[PDB]
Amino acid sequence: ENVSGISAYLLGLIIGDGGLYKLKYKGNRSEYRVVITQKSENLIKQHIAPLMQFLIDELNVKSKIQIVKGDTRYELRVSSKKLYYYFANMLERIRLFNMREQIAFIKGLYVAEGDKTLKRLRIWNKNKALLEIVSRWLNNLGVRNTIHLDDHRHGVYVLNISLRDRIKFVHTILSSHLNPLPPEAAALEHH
């Protein structure tokens, strides 16, 4: 289905390049944030925001999409308790994603945390359990891969997709038309 695919894609971006934040203020006021950050303003406004707006309308979320310009990056932000729990509940059920959602998620995670040269196929993260889930998904998809500690300074692991399966990964996962195409995959397909 369309909504679940777009959801899983966004979650990959969120978990990779953003986050889910439950805030308490003096008040005792509060706030619930769904966030994706990115240096490219275009990527946020043109690729990401329209997907998020679609999801917001489909879920009848009344919150608006904020785009905040930071010193080093743009922030796409939705301030919404409803949208926050929607992604947070999805995240704790992540092991139950069907094939379609898995691929959408892996696309999203790769856009966020991946080696964008596509010369090497790598995903970095400190969350080892998250990479190990993605690893099992990939193996099941016929894409071989390994996980090692890539940065001993900060505790950042890397998931390395074997170049032996580069074509399978790029064409059947990054380029699947069952959910939104990541930027470079879309560009390759249109040449």
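Just count from 1 along the sequence shown to find any residue number. Take the two forms, superpose them, and find the largest set of C-alpha atoms that agree within 1.5 Å; that set is the rigid core.
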Core-aligned CA RMS in 5 other deposited structures of this protein: between 22 to 30 and 36 to 44 the higher one is 22 to 30
Note: with structures superposed on the core, the stretch whose C-alphas sit farther off in 5 other deposited structures of this protein, 85 to 93 or 115 to 123, is 115 to 123
The stretch carrying the higher mean Cα B factor in the deposited entry, 31 to 39 or 125 to 133, is 125 to 133
Stretch with higher mean Cα temperature factor, 20 to 28 vs 6 to 14, is 20 to 28
The residue of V68, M52, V158, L163 with the maximal C-alpha B-factor according to the PDB record is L163
Among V78, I106, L96, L118, highest Cα B-factor in the entry goes to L118
